[PDB]
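K.L.:
Let me start by giving you these chains from the complex, positioned as in the assembled structure:
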Amino acid sequence: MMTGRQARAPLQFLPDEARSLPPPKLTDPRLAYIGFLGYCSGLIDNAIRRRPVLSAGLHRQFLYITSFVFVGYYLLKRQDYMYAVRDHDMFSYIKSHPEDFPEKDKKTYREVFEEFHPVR
């Protein structure tokens, strides 16, 4: 859909306009969930190699957590960028096509007739 939008400047994971956007906080709950997924990967890595699950290889568990948080931070940056691009294109298209988006006359319910259906 938006593939011609990111085709004049291809293969940019985060373009330069993405820096206009606020980055995800480090206490982002999505980023905390990705760190939790890294911790679960570290536990499964101890489990399949028959290491003691919570205790063995704390350096390896911490590199799992760190690597998932590291990749996931940039994935969340790109996610928020693409939804911001989606809304920017939507609003610029509505602003440039007023004949397709008229302001509908809102009626109050004193004029609005709705059919009544009795439950009896």
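P.N.:
Good, I have the coordinates. Residues are numbered from 1 along each chain as shown, chains lettered A, B, ... in the order given.
K.L.:
Grab the longest helix from chain A for me.
P.N.:
If you go by DSSP state H, chain A has its longest helix at helix A:58-96.
K.L.:
Show me which positions of that one end up buried.
P.N.:
Across helix A:58-96, burial judged by 16 or more other C-beta atoms under 10 Å covers A:61, A:64-65, A:68-69, A:72-73, A:75-77, A:80-81, A:85. From N, CA and C alone the C-beta is placed, and that goes for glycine too.
K.L.:
now, which of those sits nearest residue A:12?
P.N.:
Nearest to residue A:12 among the buried residues of helix A:58-96: residue A:81, at 10.0 Å, using C-beta to C-beta.
K.L.:
give the contact list for residue A:3.
P.N.:
Applying C-beta atoms under 8 Å, 6 or more residues apart in numbering to residue A:3 gives no contacts.
K.L.:
What distance do you get for it to residue A:72?
P.N.:
Computed with C-beta to C-beta, to the nearest Å, the distance linking residue A:3 and residue A:72 is 24 Å.
K.L.:
tell me the centre residue of chain A?
P.N.:
For chain A, residue A:79 is the residue whose C-alpha lies nearest the centre (C-alpha atoms, centre = their mean; 4.4 Å).
K.L.:
Quick check: the gap between it and residue A:58.
P.N.:
Distance, residue A:79 to residue A:58, using C-beta to C-beta: 31 Å.
K.L.:
Check residue A:28 too.
P.N.:
Using C-beta to C-beta, residue A:28 is found at 24 Å from residue A:58.
K.L.:
try residue A:92
P.N.:
Distance from residue A:92 to residue A:58, by C-beta to C-beta: 50 Å.
K.L.:
do residue A:52 as well
P.N.:
For residue A:52, the distance to residue A:58 equals 11 Å [C-beta to C-beta].
K.L.:
Show the contacting residues for residue A:101.
P.N.:
Counting by C-beta under 8 Å, 6+ apart, residue A:101 touches residue A:94.
K.L.:
Now the phi/psi pair for it, please.
P.N.:
Main-chain torsions, residue A:101, degrees, to the nearest 10: phi -130, psi 80.
K.L.:
Next one: it from residue A:94, what distance?
P.N.:
Residue A:101 is 5 Å from residue A:94, where distance means C-beta to C-beta.
K.L.:
Please apply the same query to residue A:58.
P.N.:
Remark: distance between residue A:58 and residue A:94 (C-beta to C-beta) = 53 Å.
K.L.:
cool, residue A:4 as well?
P.N.:
Taking C-beta to C-beta, one finds residue A:4 at 19 Å from residue A:94.
K.L.:
Touching, residue A:61 and residue A:39? I think so.
P.N.:
Yes - under the criterion of C-beta atoms under 8 Å, residue A:61 makes contact with residue A:39 at 6.6 Å.
K.L.:
can you slot in chain B too:
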Amino acid sequence: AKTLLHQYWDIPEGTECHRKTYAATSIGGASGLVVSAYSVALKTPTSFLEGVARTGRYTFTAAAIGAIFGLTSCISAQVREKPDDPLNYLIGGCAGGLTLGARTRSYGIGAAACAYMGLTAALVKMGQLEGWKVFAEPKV
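P.N.:
Okay, here's chain B dropped in alongside the others:
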């Protein structure tokens, strides 16, 4: 075979019974020829005579299903005077299911094909009425 479906659906229900029966018979015959083609493709018959016997059997089975479907649907639309009514195709699909049971020489397949083909033909009539799309064009 898209024009076969068009010359089926162009005629209103309960108006011209013979041509609706012939159009549904031709749709059934085309479906039977497709089934026969893949049947002698993936499963080699023991002879040419066995192959043309399987082809004629499947083609006449599906053509008889289509014939009795279109006949029963148009007659039920005539005698009830309700052309835009899916109960007519429910009766027609059950008649086609009884035909498929009569060709396979079994009552249980007949009742099962009655129920499922009648509900399927009823759904096809409802989709023609409300404009339901199966291969919908991309719009957004």
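K.L.:
tell me the SS of residue B:63?
P.N.:
Under the three-state scheme (DSSP: H, G, I helix; E, B strand; the rest coil), residue B:63 adopts helix.
K.L.:
Residue A:51: neighbour count?
P.N.:
For residue A:51, the count of nearby residues is 14 (other C-beta atoms under 10 Å in any protein chain shown).
K.L.:
wait, isn't it in contact with residue A:57?
P.N.:
Yes - contact criterion C-beta under 8 Å: residue A:51 and residue A:57 qualify, at 6.4 Å.
K.L.:
Mutual contacts of the two, please.
P.N.:
residue A:45 (C-beta atoms under 8 Å, 6 or more residues apart in numbering or on different chains).
K.L.:
returning to what we had before: if I look at the residue nearest to the centre of chain A, how far off is residue A:34?
P.N.:
Taking C-beta to C-beta, one finds residue A:79 at 12 Å from residue A:34.
K.L.:
go on, residue B:62?
P.N.:
Distance, residue B:62 to residue A:34, using C-beta to C-beta: 56 Å.
K.L.:
got a list of contacts for stretch A:48-58?
P.N.:
Outside stretch A:48-58, the residues that touch it by C-beta under 8 Å, 6+ apart are A:42, A:43, A:45, A:46, A:47.
K.L.:
again, only using 6 Å
P.N.:
Residues outside stretch A:48-58 that contact it (C-beta atoms under 6 Å, 6 or more residues apart in numbering or on different chains) are A:43, A:46, A:47.
K.L.:
Kindly indicate which of those lies nearest residue B:118.
P.N.:
Closest approach between the contacts of stretch A:48-58 and residue B:118, by C-beta to C-beta: residue A:47, at 54.2 Å.
K.L.:
Share the number of residues neighbouring the closest one, please.
P.N.:
Other residues within reach of residue A:47, judged by other C-beta under 10 Å, total 11.
K.L.:
And for it, nearest residue in space, chain neighbours not counted?
P.N.:
Closest residue to residue A:47 apart from its sequence neighbours, by C-beta to C-beta, 6 or more residues apart in numbering or on different chains: residue A:53 at 5.4 Å.
K.L.:
Please give the element, helix or strand, for that neighbour.
P.N.:
Per DSSP states H and E, residue A:53 falls between elements, in no helix or strand.
K.L.:
burial of it, as a residue count?
P.N.:
The tally of other residues near residue A:53 (other C-beta under 10 Å) stands at 13.
K.L.:
Kindly list the main-chain dihedrals of it?
P.N.:
phi -70, psi -50.
K.L.:
That one and residue A:62, how far apart?
P.N.:
Distance of residue A:53 to residue A:62, computed by C-beta to C-beta: 15 Å.
K.L.:
How about the contacts made by residue B:60?
P.N.:
Shown in contact with residue B:60 (C-beta under 6 Å, 6+ apart): no residues.
K.L.:
then add chain C to what we have above:
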Amino acid sequence: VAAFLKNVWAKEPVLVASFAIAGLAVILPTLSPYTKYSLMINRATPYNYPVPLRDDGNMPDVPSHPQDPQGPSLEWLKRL
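P.N.:
Adding chain C to what we have so far:
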């Protein structure tokens, strides 16, 4: 580096000649002073018609006639 070369020249002179001729094929065009003249002779060969320019008024380097002094010359190719 010297006993190995004499050993392979005694055993396999065909392969020594092959690698020597291939090495001279690779390195010597970068060391030749005449490699530039190959490019110059190829670009000096007129396969196409030299489509003339509209004289706008200010082109002092473009001649008005082939026998004019300005323009690309091939005295280097006649002399070499």
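K.L.:
now with chain C: the contacts of stretch A:48-58?
P.N.:
Stretch A:48-58 is contacted by residues A:43, A:46, A:47 when judged by C-beta under 6 Å, 6+ apart.
K.L.:
Of those residues, which is the nearest to residue B:131?
P.N.:
The nearest member of the contacts of stretch A:48-58 to residue B:131, counting by C-beta to C-beta, is residue A:43 at 53.4 Å.
K.L.:
how far away is the closest residue to that closest one other than its chain neighbours from residue C:5?
P.N.:
Nearest non-adjacent residue to residue A:43, counting by C-beta to C-beta, 6+ apart: residue A:53, 5.4 Å away. According to C-beta to C-beta, residue A:53 and residue C:5 sit 62 Å apart.
K.L.:
Now for residue B:29: which residues touch it?
P.N.:
Counting by C-beta under 6 Å, 6+ apart, residue B:29 touches B:59, B:63.
K.L.:
From residue B:61, how far out is it?
P.N.:
Residue B:29 is 10 Å from residue B:61, by C-beta to C-beta.
K.L.:
likewise residue B:96?
P.N.:
In this structure, residue B:96 and residue B:61 are 11 Å apart, going by C-beta to C-beta.
K.L.:
Same drill for these two, tell me which one is more crowded.
P.N.:
More crowded of residue B:96 and residue B:61, by other C-beta under 10 Å: residue B:96, with 30 against 19.
K.L.:
At the geometric centre of chain C, which residue do we find?
P.N.:
Nearest to the mean C-alpha position of chain C, by C-alpha atoms, centre = their mean, lies residue C:38 at 2.0 Å.
K.L.:
Nearest spatial neighbour of residue B:72, chain-adjacent residues omitted?
P.N.:
residue B:95 (3.8 Å).
K.L.:
The one you found: which element?
P.N.:
Using DSSP H and E, residue B:95 maps to helix B:86-103.
K.L.:
picking up where we left off before, how close does the residue nearest to the centre of chain A sit to residue B:29?
P.N.:
When residue A:79 is compared with residue B:29 (using C-beta to C-beta), they lie 54 Å apart.
K.L.:
Ok, residue A:15 next?
P.N.:
59 Å.
K.L.:
For residue A:23, see how far away the spatially most central residue of chain B is.
P.N.:
Centroid-nearest residue in chain B, with C-alpha atoms, centre = their mean: residue B:66, separated by 3.8 Å. Between residue B:66 and residue A:23 the distance is 64 Å, computed by C-beta to C-beta.
K.L.:
So what does residue A:110 have for phi and psi?
P.N.:
According to degrees, to the nearest 10, residue A:110 has phi -70, psi -30.
K.L.:
and the gap between it and residue C:80?
P.N.:
Distance from residue A:110 to residue C:80, by C-beta to C-beta: 103 Å.
K.L.:
So what touches the lengthiest helix in chain C?
P.N.:
Counting residues, the longest helix found in chain C (DSSP H) is helix C:13-31. The contact list for helix C:13-31 (C-beta under 6 Å, 6+ apart) reads C:8, C:9, C:35.
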